[PDB]
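**Student:** So I pulled this structure from the PDB, and the sequence comes with it:
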Amino acid sequence: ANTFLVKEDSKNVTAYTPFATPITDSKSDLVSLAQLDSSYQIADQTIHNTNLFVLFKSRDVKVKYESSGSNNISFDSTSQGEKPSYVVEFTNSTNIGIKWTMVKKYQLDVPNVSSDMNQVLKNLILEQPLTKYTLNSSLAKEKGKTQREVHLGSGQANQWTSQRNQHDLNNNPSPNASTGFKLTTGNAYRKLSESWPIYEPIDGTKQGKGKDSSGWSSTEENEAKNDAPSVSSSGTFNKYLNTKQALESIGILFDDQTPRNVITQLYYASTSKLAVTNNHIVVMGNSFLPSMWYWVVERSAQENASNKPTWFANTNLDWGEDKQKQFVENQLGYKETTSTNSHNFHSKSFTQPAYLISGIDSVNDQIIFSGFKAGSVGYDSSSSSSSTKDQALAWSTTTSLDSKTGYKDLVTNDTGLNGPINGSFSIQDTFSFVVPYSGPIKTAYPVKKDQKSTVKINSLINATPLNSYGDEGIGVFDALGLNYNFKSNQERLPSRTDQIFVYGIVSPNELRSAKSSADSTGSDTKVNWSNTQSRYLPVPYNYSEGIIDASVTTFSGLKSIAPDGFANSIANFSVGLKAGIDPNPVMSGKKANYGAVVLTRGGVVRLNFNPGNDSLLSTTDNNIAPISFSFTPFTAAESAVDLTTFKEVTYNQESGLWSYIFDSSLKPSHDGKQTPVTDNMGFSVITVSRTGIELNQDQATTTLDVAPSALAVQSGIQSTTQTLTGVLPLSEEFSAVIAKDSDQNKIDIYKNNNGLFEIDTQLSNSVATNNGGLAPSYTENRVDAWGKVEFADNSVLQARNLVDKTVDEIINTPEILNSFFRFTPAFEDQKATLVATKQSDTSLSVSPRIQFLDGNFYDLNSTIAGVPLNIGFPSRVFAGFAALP
Ligand SMILES: [K+]
């Protein structure tokens, strides 16, 4: 379509021309049109084959989780709670203007709960969500029991070497390796039926009550409300932050001052992004909260059909290598055939249960996704005397120093496969948190053989891509990517459980298996997505300060200098996954290239695909890192963009460029210290381009051993003073910004100067002078948005002997009618031609056809959405041509 769709507010979408003007009467309330009540809002939208697909969600949604019986997850039918999310297909019913009509409506039903799933869900506990204001110390949790304290006990230390073989820990050199973190302090963990607090501990190693809900509601909540009162009063904020406004801003739903239960937050967050193919509509969660399910809706689905979501716990991904999946799964929980009521995701044969999804997109008939693996480990929930009582079972899985350099060798290294190994080591005088070595060294799950049947190991899901929160040195180095080998090349030692980025391309058949997994009766049915990969993607270490390397730096002491809008410098985040077809042609006989980009903290990730079979791009050499992923670090200008203010990402096929829009109005109203936020004005635009040698350019590039990449550039289009309406990327050379510098909409034209966009004030003024019409005015004597056209005098015909030629000959000779005017372009390479019309046997008229900022030509008959633009182009009559030859 020749128009740009601009979401005006949470309900209205307006169609805009390339001249940054709204099409008259195009403003449409899509919630009302979808026959949804006013509690609904637009979550996301996409165009598929000229139709508009809109995802809607209700602020009134109330979900319940009942442990007893069946159909455990349900909408709260009392009062106004049965408000499921919907996907609606709209069509434009008019040839003149925009008139949206609803074609299909798809309800997104709550997930089915099998018996095996419900045994995990009953004791499932979820960490309170990370906000803009969560500190590194907020995330820090008290260190758990050592490997020796768990297996041997409180007696002595010298018996490790002689008793480790009985507990299957042969040659394990780490009796003081941590088995996890305590759940009696720190960030709140809540059951599906429970609610998270609006309070965040400043120091989670001392404050907060962890999973101790009763301890929070009886003593600590009073302490928190006293220290951190919500604004009206003036509080202290010595011990807790009050992030209520930051929680509302990331989609946390409330009943006055109380957040709704966890399952409501999960349902509401899970219906945030959509992607459309010929057969399917796919719905995924947002990047603020972990999601446990996604919807695969068959476009053929009949009206008033409940569309069921598929659990990620039933969705087996290819993590790159089987060991990579084994690392994640072994740390999910304790799996043992001789234990009663010890149900977790591992013991019940489920896979990774949750992700922080960056987004979803479609290219051809393929779905592309990405996200971070949300941390998920086992925890001891028993009551009486357990050594790990109220402790989460988590440990570092960073590759050892003596590992062979080569991607496959590093990621399949056995270090920390089944249990703890890393911590603190000093060989001669060289210190490392990582083991120097890998019969063989034995790792084992942190459950002692005696308390095997009497143990209750359940599941937890973290709010970030970290598994282990334990306040020790290894945690910092794992989260920041600071573990390096002592070899000549000095390679980075990867984690296999912390900061794991996930991505893939999903086919129609893989979507069909997810749909049957979602509709399966009885026991769980599984889906395998084979064109997926994983990647250790830590946060930049330069987002932190004062780290000791040669007393160690832990989470409770780590100083954040993160410039990207987060108070923390340890948890990764991603946003705006967007795919795009490369406009650059491939060699004959090869399919058109396409890729995807996504923003992460401190850089852009590029995803690479082989379009020959819609697979991930790969290379034969296993020593090379999977070439379907490439990470490019941001410079200071990109790192300064507040990633929590991401509004939207668009791709332009002609330019081959992605445009990421950031809107500062998306910032919360108040701080964690209940202080009004004042830098909520303005916006920013990041432009992403591809870099490197692409596939199928010539015979030499039919195979690749180097991953194509991307480059994010804070383009020069930004403001700290205007309220943004929209950014129109007209061409590689120009962008139009619609903003309010008051209550009224203003048009600003930004011109691309050798990679850097700069405001062109004279062009802005030309474009904005439309006199209430849809397009910029036309003035004869001015070099305006249409350049300047000066017509030759009629005397040119006699002087050049063109009078001997006929009207029909002149009209059929482009080079001649180009000599009837002189053009002055308003911008370099702006083109103009004359359109000729016979008026009589001896005369014709000419009218210019002129290129605008979008690269398109406009003339007297031009329309947008079928509406005549009536620009005001002149007509010039030339007379005195021969009647016949
Ligand atoms: K002009």
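**Tutor:** Alright, I've got the coordinates. Residues are numbered from 1 along each chain as shown.
**Student:** who touches the nearest residue to residue 637 once chain neighbours are set aside in this structure?
**Tutor:** Spatial nearest neighbour of residue 637, excluding adjacent residues (Cβ to Cβ, 6 or more residues apart in numbering): residue 714 at 3.8 Å. Backbone N, C-alpha and C define where each C-beta goes, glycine included. Counting by Cβ atoms under 8 Å, 6 or more residues apart in numbering, residue 714 touches 635, 637-638, 640-641, 684-686.
**Student:** Apply 7 Å and report the result again.
**Tutor:** 637-638, 641, 684, 686 (Cβ atoms under 7 Å, 6 or more residues apart in numbering).
**Student:** I'd like to know which of those are part of helices.
**Tutor:** The helices, defined by DSSP state H, take in 637-638 from the contacts of residue 714.
**Student:** Make JSON lines from the contacts of residue 714 and add neighbour count and distance to the ion to it.
**Tutor:** As requested, those are exported to JSON lines (neighbours: other Cβ atoms under 10 Å; distance: Cβ to the ion, whole Å):
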{"residue": "637", "neighbour count": "15", "distance to the ion": "37"}
{"residue": "638", "neighbour count": "25", "distance to the ion": "39"}
{"residue": "641", "neighbour count": "22", "distance to the ion": "38"}
{"residue": "684", "neighbour count": "26", "distance to the ion": "33"}
{"residue": "686", "neighbour count": "25", "distance to the ion": "34"}
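**Student:** closest to residue 288 among the contacts of residue 714?
**Tutor:** In terms of Cβ to Cβ, no member of these lies closer to residue 288 than residue 641, at 16.9 Å.
**Student:** Could you report the neighbour count for residue 449?
**Tutor:** A total of 10 residues lie near residue 449 under the criterion other Cβ atoms under 10 Å.
**Student:** tell me the phi and psi of the residue nearest to residue 637?
**Tutor:** When read as degrees, to the nearest 10, the backbone of residue 714 gives phi -70, psi 90.
**Student:** For stretch 404-417, which residues meet the burial criterion?
**Tutor:** 407-408, 410-417 (16 or more other Cβ atoms under 10 Å).
**Student:** what does stretch 841-849 give?
**Tutor:** 844-849.
**Student:** likewise stretch 437-450?
**Tutor:** For stretch 437-450, burial by neighbour count (16+ other Cβ under 10 Å) applies to 438, 441-448.
**Student:** Break this protein down into its structural domains.
**Tutor:** When the chain is parsed with automatic domain parsing, its domains come out as 1-110, 132-263, 788-879.
**Student:** Just want the residue of the stretch 551-700 of the chain that's nearest the ion.
**Tutor:** The ion sits closest to residue 654 of the stretch 551-700 of the chain, with a gap of 25.8 Å, by Cβ to the ion.
**Student:** returning to that earlier point: just curious, which of the buried residues of stretch 404-417 is nearest to the ion?
**Tutor:** When those are compared for distance to the ion (Cβ to the ion), residue 407 comes out closest, at 59.5 Å.
**Student:** Surely the closest one touches residue 623?
**Tutor:** Yes - at 6.2 Å, residue 407 counts as touching residue 623 under the criterion of Cβ atoms under 7 Å.
**Student:** hang on, the earlier thing: in the beta-sheet assignment, what are the partners of the residue nearest to residue 637?
**Tutor:** Going by DSSP bridges, residue 714 is paired in beta bridges with residue 686.
**Student:** Please renumber the chain so that the first residue is 330 from this point on.
**Tutor:** Understood, numbering begins at 330; the last thing we discussed is residue 1043.
**Student:** Against residue 1016, how distant is it?
**Tutor:** Residue 1043 sits at a distance of 8 Å from residue 1016 (criterion: Cβ to Cβ, to the nearest Å).
**Student:** repeat for residue 505
**Tutor:** The gap separating residue 505 from residue 1016 is 50 Å, by Cβ to Cβ.
**Student:** what about those two, which has more around it?
**Tutor:** Taking other Cβ under 10 Å, residue 505 and residue 1016 do not tie; residue 1016 has more neighbours (22 against 14).
**Student:** who's in contact with stretch 800-820?
**Tutor:** Stretch 800-820 is contacted by residues 469-472, 507, 534, 725, 727, 730, 734, 751-753, 762-763, 795, 797, 821-822, 824, 827-828, 867-868, 870, 873, 881-885, 887, 899 when judged by Cβ under 7 Å, 6+ apart.
**Student:** scratch that, stretch 559-574 is what I was asking about
**Tutor:** Against stretch 559-574 from outside (Cβ under 7 Å, 6+ apart): 460, 462, 527-531, 536, 553, 556-558, 586, 997-999, 1001-1003.
**Student:** and if you look at stretch 1061-1070?
**Tutor:** Contacts for stretch 1061-1070 (Cβ under 7 Å, 6+ apart): 349, 984, 986, 1046, 1048, 1051-1059, 1074-1081, 1086, 1182.
**Student:** Quick one: buried ones out of those residues?
**Tutor:** Neighbour-count burial (16+ other Cβ under 10 Å) is assigned, among those, to 349, 984, 986, 1046, 1048, 1051-1059, 1074, 1076-1081, 1086, 1182.
**Student:** can you give me the end-to-end distance of stretch 725-734?
**Tutor:** Start-to-end span of stretch 725-734 (Cα to Cα, to the nearest Å) is 20 Å.
**Student:** before we move on, back to that, what sits closest to the residue of the stretch 880-1029 of the chain closest to the ion if chain neighbours are left out?
**Tutor:** Nearest non-adjacent residue to residue 983, counting by Cβ to Cβ, 6+ apart: residue 912, 6.1 Å away.
**Student:** Which residues of the stretch 1030-1179 of the chain lie near the ion?
**Tutor:** Remark: the part of the stretch 1030-1179 of the chain in contact with the ion comprises 1113, 1115, 1117, using Cβ under 5 Å from the ion.
**Student:** Kindly indicate the member of these with the most neighbours.
**Tutor:** Busiest of those [other Cβ under 10 Å] is residue 1115, holding 26 neighbours.
**Student:** Show me what counts as buried in stretch 387-402.
**Tutor:** By 16+ other Cβ under 10 Å, the buried positions in stretch 387-402 come out as 387, 389-394, 401-402.
**Student:** ok so, going back, mind checking which of the contacts of stretch 800-820 are buried?
**Tutor:** With burial judged by 16+ other Cβ under 10 Å, the buried subset of the contacts of stretch 800-820 is 469-472, 507, 534, 725, 727, 730, 751-752, 762-763, 795, 797, 822, 824, 827-828, 867-868, 870, 873, 882-885, 887, 899.
**Student:** and the ion, which of those contact it?
**Tutor:** Cross-checking those against the ion (Cβ under 5 Å from the ion) gives no overlapping residues.
**Student:** how close does residue 516 sit to the ion?
**Tutor:** 63 Å (Cβ to the ion, to the nearest Å).
**Student:** and that residue, how far is that from residue 1075?
**Tutor:** Relative to residue 1075, and taking Cβ to Cβ, residue 516 is found at 44 Å.
**Student:** next one: residue 846
**Tutor:** Going from residue 846 to residue 1075 by Cβ to Cβ gives 51 Å.
**Student:** picking that back up, which of the buried residues of stretch 733-746 fall in helices?
**Tutor:** Secondary structure assignment (DSSP H) places 736-737, 739-740 from those within helices.
**Student:** which pair in those residues spans the largest distance?
**Tutor:** Using Cβ to Cβ, those span at most 7.4 Å, a distance reached by 737 and 739.
**Student:** Can you tell me which residues in this protein are near the ion?
**Tutor:** Contact residues, the chain versus the ion (Cβ under 5 Å from the ion): 1113, 1115, 1117.
**Student:** Looking at those residues, which is nearest residue 1007?
**Tutor:** So of those, ranked by how close each gets to residue 1007 (Cβ to Cβ), first place is residue 1113, at 39.1 Å.
**Student:** so what's that closest one up against?
**Tutor:** Applying Cβ under 7 Å, 6+ apart, the residues contacting residue 1113 are 1095, 1105-1107, 1155.
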